[PDB]
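Asker: Please work out how this folds:
(7 chains)
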Amino acid sequence: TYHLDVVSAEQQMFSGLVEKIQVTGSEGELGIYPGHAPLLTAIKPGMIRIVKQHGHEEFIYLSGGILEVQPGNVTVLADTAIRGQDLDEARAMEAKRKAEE
Amino acid sequence: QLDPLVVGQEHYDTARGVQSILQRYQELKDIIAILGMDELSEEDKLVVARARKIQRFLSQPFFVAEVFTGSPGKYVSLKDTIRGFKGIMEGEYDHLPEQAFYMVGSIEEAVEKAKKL
Amino acid sequence: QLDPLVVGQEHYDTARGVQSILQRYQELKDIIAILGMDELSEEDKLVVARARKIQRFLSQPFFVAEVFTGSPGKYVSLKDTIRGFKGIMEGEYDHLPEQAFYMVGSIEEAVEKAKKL
Amino acid sequence: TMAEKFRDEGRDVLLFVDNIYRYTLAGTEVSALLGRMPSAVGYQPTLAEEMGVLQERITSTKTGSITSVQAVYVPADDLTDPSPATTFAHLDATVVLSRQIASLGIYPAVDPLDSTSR
Amino acid sequence: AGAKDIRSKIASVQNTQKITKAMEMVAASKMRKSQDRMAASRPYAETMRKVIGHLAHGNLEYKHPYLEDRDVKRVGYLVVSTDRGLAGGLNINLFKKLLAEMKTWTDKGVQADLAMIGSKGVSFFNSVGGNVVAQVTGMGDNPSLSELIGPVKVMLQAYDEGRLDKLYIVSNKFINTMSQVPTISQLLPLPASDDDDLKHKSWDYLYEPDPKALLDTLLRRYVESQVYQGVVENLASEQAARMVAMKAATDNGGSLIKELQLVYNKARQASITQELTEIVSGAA
Amino acid sequence: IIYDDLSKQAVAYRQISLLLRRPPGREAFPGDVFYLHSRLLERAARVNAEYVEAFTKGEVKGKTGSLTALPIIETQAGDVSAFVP
Amino acid sequence: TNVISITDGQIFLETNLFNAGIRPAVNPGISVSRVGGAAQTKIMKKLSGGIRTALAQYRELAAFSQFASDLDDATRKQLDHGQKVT
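Answerer: Residues are numbered from 1 along each chain as shown, chains lettered A, B, ... in the order given. Right below this line is the structure:
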């Protein structure tokens, strides 16, 4: 089994040792079995499926973020809110509006 | 004569309610100078709002004092002034600016003054 | 004798400027006592810095106090003192430290003493 | 005077005075009844003398001694008032008893930080 | 003056002193909660820096605008300030340190540029006239990263658009429960933190879709992470500064009670003596 | 026993005492104003059964008598440092 | 206290106002005329009523909002009229 940590900048969502997971990557679905290959990718917003060691299956919603893998240690760097270049550009304009005031 | 029996509960509980608010305001008022309203709490902010507007609604223009003031004198009946103070006590019509409670006399004229400004 | 007609406007205006600043510093001492200086407004800190410099520049060495101070005494002409106080109030000396103004005859001597720290 | 007898027999004696403030006030009331002009904060003019007449008899002699323990009340909590100010000229030690130390259950309830002796 | 009003002042100051003692106790407790929230912010940034180190310092090193080094022709600062007073000099000391460096670069002809967190720094730099393009205010004691995204997106946007060449964050550091210090640290271009390894050979990542887009998202998320860490440390530094300020206020209030009571008692005694002199001298 | 205003007894005693030219003391109250209220209130007592039996010449034997007193005082502005309070 | 009781009004002159430049140092808040506007020309009567009441209440706002170190829009407008009439 592998040590998984799901974290965000404000709080650490989940951690522990895990038998496997299913995750929606940027390009498609991915399953992390024991000792999976090294990996880096962005992950899409939605539920991800955890099966903790001793088989305790669970759902975690994530608003997105980055996945990394290496055989002994794996982590997900989750975002808190839906991230979009257009939405962030809208926030950037919003930020300027305050400056004028 | 401010006895529950004679004045009836209507008047007595209204009066004691006003008195209890205005004492709470006086306790806050000193440390408000140190804290502003910034470090005061939300429980305080409603009470001070009610207290100041109640303390404005206690003012009245007098037929004698029109000489000093130019505004006509007002007369207000007992039932009406109970209805107005209980109206801020329960109705809590903080919709209206603080000067809308001041020197108006009746409850109807207080809302009408806010309707005008 | 402190009248515009008797002493002229520049003297009168400098004396009222010194009083106005020093009174305003007294008004700030109660908040400074309770909360200290960091809670003052950003120009209230400037008033306090000018008032303390004015307080120290009123001090002077006396020729009869050499038995006490040991410092040599000083005589300051009227024209020279009003120029000094006017210059502090305009802030042309606002970069010297307080200690530079203590026991100096004329403003020159304060800038010279600030060179010696 | 009873303690003076036990001293003259050669013993060391304790004299407890249940309130020294009430001696001072009894001297004020009598002085007012006699009609003498008041002094200080309305006390009698003889205040320091009448305290001295009591306190100077309480001493160690070459035959024996009288030690005294005197309860003190301070008017208005004011240690500047003439009755406290006159009494404290004569005290050597000062024992303070505390409600807090009693609350801890510690007995005797002496306060070690405000109790003092010269 | 008048002992009945002096006694009124004494009661007012005594009431004031109790409330400041209460505020000291609360500020210490909030400092504790905000330093727990501080530790939770470390792991995300630490592991993201290890991944950035693996790509950047491995053999598969790339060129990217945030990794490349250039001469400063305009400069940016993110600046964190409180929304609340009573913090003592925490804001002012930080703003003085900022004003020195902002002066030093602009003497080199560099136009400075500012983004403000918290309304105190907004009000100060509006009075100073500093060049502010973005702000967020009223986060209070509950900061969130999703509020910070606006002003950092503006500064990031100006950095890769070449309108900024170095970007700092300006913040206090919660070095201790007892002590804190104002700091200015460069977050872009990326600092050359050594982060040296060879274990990248042994597990090397499958870049999906592509390496460069992933690296840009890591750099952007990393900057957001460092800004949020700075904000949470400055919030814990505020609570510790308010705690020590309220301690000093409570002691200065008690020390003023002991002076007003000497004035009151002296006026009490004098009023008794004068009235009884008028009575006794009034008869006969 | 309830004395509705011991403050108004001290004031009445002050009046009548000054009209008899007796020397004044603090707040113009006469010198013996403590002895006025002291001898009043120390009559409020519980007395043991041997006092009652001796007083009543044995007509009552087991009981203890008492008189409890609730004097009222009025302070000005909450000042308790005034002479009579 | 006797002459205050006899007279029809009071002009109070204060040294804290006289020392802060406010000469003549009449304190608006504690000074009163018991005849008031009935002794004014009617033009002055209009203008006078606004001025006295605005000054005395401005005094409360200035103390309150300085130590609070605070702003609100109508209060700000009121305060910098009150300073300008002062």
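
Asker: Mind naming the longest helix for chain B?
Answerer: Secondary structure of chain B read by DSSP state H shows that its longest helix is helix B:4-35.

Asker: what about it and chain F, touching?
Answerer: No. For helix B:4-35, no contact with chain F is found by C-beta under 8 Å from any C-beta of the partner chain; the gap never falls below 15.1 Å. (C-beta placed from N, C-alpha, C; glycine too.)

Asker: Tell me the first helix or strand C-terminal of that helix.
Answerer: Following helix B:4-35 in sequence order, the next helix or strand is helix B:42-57 (DSSP states H and E).

Asker: same for the longest helix of chain B, what does it pack against?
Answerer: helix B:42-57, helix B:78-86, helix E:3-57, helix G:42-67 (3 or more C-beta pairs under 8 Å, 6 or more residues apart in numbering or on different chains; DSSP states H and E).

Asker: And the ones you listed: which comes nearest chain C?
Answerer: Closest to chain C of these, according to C-beta to the nearest C-beta: helix G:42-67, at 6.3 Å.

Asker: Can you name every helix or strand that that closest one contacts?
Answerer: Secondary structure elements in contact with helix G:42-67, counted by 3+ C-beta pairs under 8 Å, 6+ apart, are helix B:4-35, helix G:73-85.

Asker: Just name the most buried of the ones you listed.
Answerer: Compared across the helices and strands packed on helix G:42-67, helix B:4-35 shows the largest average neighbour count, a mean of 14 (mean count of other C-beta atoms under 10 Å in any protein chain shown).

Asker: Would you mind getting the angle between it and helix C:9-35?
Answerer: Angle, helix B:4-35 to helix C:9-35, by axes from the mean of the first three to the mean of the last three C-alpha atoms, to 10 degrees: 110 degrees.

Asker: Run the angle between helix B:4-35 and helix B:42-57 for me.
Answerer: Relative orientation of helix B:4-35 with respect to helix B:42-57: 120 degrees, computed using the same axes, to 10 degrees.

Asker: so where do the helices sit in chain A?
Answerer: Under DSSP H, chain A gives helices at A:85-100.

Asker: Is there proximity between the longest helix seen in chain E and chain B?
Answerer: Ranked by residue count and defined by DSSP H, the top helix of chain E is helix E:211-280. No. Helix E:211-280 lies out of reach of chain B by C-beta under 8 Å from any C-beta, never closer than 8.7 Å.

Asker: picking up where we left off before, make TSV from the helices and strands packed on helix B:4-35 and add mean neighbour count to it.
Answerer: Formatted as TSV, the helices and strands packed on helix B:4-35 follow (neighbours: other C-beta atoms under 10 Å in any protein chain shown):
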stretch	mean neighbour count
helix B:42-57	16
helix B:78-86	16
helix E:3-57	16
helix G:42-67	14
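
Asker: Identify whichever of those lies nearest to residue A:11.
Answerer: The closest of the helices and strands packed on helix B:4-35 to residue A:11 is helix E:3-57. By C-beta to C-beta, the value is 5.4 Å.

Asker: The closest one vs helix E:211-280, what angle?
Answerer: In terms of direction (the same axes, to 10 degrees), helix E:3-57 departs from helix E:211-280 by 170 degrees.

Asker: neighbours of residue 11, just the number please.
Answerer: In the absence of a named chain, chain A is used. Neighbour count for residue A:11, taken as other C-beta atoms under 10 Å in any protein chain shown: 12.

Asker: ah, I was thinking of chain D
Answerer: Residues lying near residue D:11 (other C-beta under 10 Å) number 14.

Asker: isn't it right up against residue D:64?
Answerer: Yes. The criterion here is C-beta atoms under 8 Å, and residue D:11 meets it with residue D:64 at 5.2 Å.

Asker: What distance do you get for the residue nearest the centre of chain G to residue B:103?
Answerer: Chain G has residue G:28 as the residue nearest its centroid, 3.2 Å off, counting by C-alpha atoms, centre = their mean. Distance of residue G:28 to residue B:103, given as C-beta to C-beta, to the nearest Å: 19 Å.

Asker: give me every residue that touches residue 64.
Answerer: Because you didn't say which chain, this covers chain A. For residue A:64, the contact set (C-beta atoms under 8 Å, 6 or more residues apart in numbering or on different chains) comprises A:42-45, A:78-79, A:82-83.

Asker: right idea, wrong chain: chain G
Answerer: Residue G:64 makes contact with B:32-33 under the criterion C-beta under 8 Å, 6+ apart.
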